[PDB]
Amino acid sequence: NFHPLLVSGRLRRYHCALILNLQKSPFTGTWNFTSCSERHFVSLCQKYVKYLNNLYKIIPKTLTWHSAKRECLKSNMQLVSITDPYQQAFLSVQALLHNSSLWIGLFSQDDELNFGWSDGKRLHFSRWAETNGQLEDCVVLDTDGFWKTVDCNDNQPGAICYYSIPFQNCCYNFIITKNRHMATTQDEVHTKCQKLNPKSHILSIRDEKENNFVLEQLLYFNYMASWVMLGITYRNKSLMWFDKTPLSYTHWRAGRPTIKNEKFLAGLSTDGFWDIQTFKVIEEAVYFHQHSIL
Amino acid sequence: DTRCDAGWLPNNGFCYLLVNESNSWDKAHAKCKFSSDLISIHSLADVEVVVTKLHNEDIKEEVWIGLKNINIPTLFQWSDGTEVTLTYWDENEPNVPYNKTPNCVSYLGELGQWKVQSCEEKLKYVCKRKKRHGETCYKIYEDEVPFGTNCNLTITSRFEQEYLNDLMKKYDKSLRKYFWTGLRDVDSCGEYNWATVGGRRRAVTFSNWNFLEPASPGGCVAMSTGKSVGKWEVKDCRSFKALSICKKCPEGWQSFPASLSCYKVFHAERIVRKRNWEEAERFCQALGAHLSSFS
């Protein structure tokens, strides 16, 4: 369970790993690695209903979605809604203890393009399963802990119901197209986004509040988007931007990177951890120009 | 570009050659008058030509030069020509006898002074074959209140000091005037070396101070010409009005290990602007790179 955003994987003082919690983050449970000569906490040791201010009720009856909604509505109960990682893990472990895939409560409005929970709370969590599976407008919690996108007008062995852009003198844009150019990706971007309008340079960080702004703007259409790109590439035998201007805000992880290749992967984390990843295969470009930030 | 035959060093058309024969004055007047003419001094560069040659000048020796005088009283005239412009005699032995029909004159000393020997012995000689100085100019301004804001004069040898001395004596006609030389120190320690605008580390070879000039552990020395002519005067250089004379492969990489270094050079046409090795420290130093490292 190593999410490829905080670890550098390529063709390769002890190294020891730990689990990092990020105060109710959509990616809770990330694995980091540092020197284990320091002191940290130990919580679990492995040998051979009310939960977190919420209430849950499971029914083992075999019935449809609206039927389960009507069954739960008599006791003033609403169908399950996943908006936190802890309750998601609890729902998954309860479904595994029941040994079945139970109903998930939500519905869309216009041909499974705008999904929304029945609470009226802004989307802050996404744990979808696959991209080529959006055939219908409902989701089901599977065994692996993802959201299989199907039609929930079926008969599952049970159900569960619970109870409880211009910014700072700059304009951005988002491109949703399909591309296949996998060569010479260091001297085209300037001429690519310069033809759109004059006075248009690649995104440079000269302030401190733009990172949080683009972070809050990211989690809007993150169905299949999980990585963030940067404009730091091989420039003048160094790690700088594309334009002829020096760098001020360092975006390095630790130590001193010495990447001499013509390109690399400068990524942005979920909280703002500066991350660099050297690549040997170009099969990480999905994720570079099709559904990413350009 | 007049080139002479095997030894005659040229300077402005003519050329000189020293003969390795030790003979009297009459035999020398009969030998190079060889189809040659005796030496005659007319400028300043030929003095340098005479001093730098002669096998370290043969310090303990004398050289002949043709000067004649028949009528009384004494009246020197060249054997071939009448361009009497420069006289460089020793200080101060004129050696002019009472009365003598045969006259003679000789280079003495490393500086090349003129003396009048008896010319009854055998010695060597030199004979010939058919502002500015000759290699560099020397300019002077009208007034110089600050200390070396446009030029910094640097001296190396003694003959250059003699040349600047005769230049300034041809310029100067009165006393109470000072000059500037490249000799100062900013560390206020006491060490005196050839001053410059930064980057001077040569060792001092020659020095002409007075009896007791240096009395200050610093400052910038001067140069007067009233009585103690040609010597370095010492005085503070905080604010001293004095003139000065000025001398006028992961991906996309190409390299070769025959020099034990990975290079990166560019052409002169495919580039945007002409690029050199100067400001590369702004871009390549981020990878521990430096100038062309060849062993």
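Residue numbering: from 1, along the chain as shown.
When the header is checked for method, it gives electron microscopy, 5.0 Å.
From the backbone N, Cα and C atoms, a Cβ is placed for every residue, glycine too.
Sequence annotations record features per position, and here Swiss-Prot assigns N-linked glycosylation site to B:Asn20 (among others) based on sequence analysis. Non-local neighbourhood of B:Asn20 (N-linked glycosylation site): B:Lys124, each in the same chain, at least six residues away, with C-beta under 8 Å from its C-beta.
B:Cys127 (disulfide bond) falls within a strand when secondary structure is assigned with DSSP. The C-beta environment of B:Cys127 (disulfide bond), restricted to residues of the same chain at least 6 apart in sequence and closer than 8 Å, consists of B:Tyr16, B:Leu17, B:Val19, B:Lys31, B:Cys32, B:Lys33, B:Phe34, B:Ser36, B:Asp37, B:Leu38, B:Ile39. The disulfide bond annotation in Swiss-Prot covers B:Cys32-B:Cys127 (among others).
For B:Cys119 (disulfide bond), other Cβ atoms within 10 Å of its Cβ number 20. For B:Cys104-B:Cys119 (among others), the entry in Swiss-Prot reads disulfide bond, with the evidence type similarity to another entry.
Annotated N-linked glycosylation site per Swiss-Prot: B:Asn152 (among others), in sequence order. Taking a C-beta cut-off of under 8 Å and a sequence gap of six or more, B:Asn152 (N-linked glycosylation site) has these contacts in its own chain: B:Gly182, B:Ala195, B:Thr196, B:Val197.
What Swiss-Prot lists as disulfide bond is B:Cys220-B:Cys237 (among others). Packing around B:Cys237 (disulfide bond) is summarised by its Cβ count: 18 other Cβ atoms lie within 10 angstroms of its Cβ, all protein chains included. When secondary structure is read from DSSP and collapsed to three states, B:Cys237 (disulfide bond) falls in the coil class.
Annotation for B:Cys104 (disulfide bond): same-chain Cβ neighbours under 8 Å, separated by at least 6 residues, are B:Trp25, B:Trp64, B:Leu67, B:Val116, B:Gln117, B:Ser118, B:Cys119. Remark: B:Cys220 (disulfide bond) has B:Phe147, B:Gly148, B:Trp180, B:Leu183, B:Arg184, B:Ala195, B:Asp236, B:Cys237, B:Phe240 as non-local neighbours, by Cβ distance under 8 Å and separation of at least 6 in sequence.
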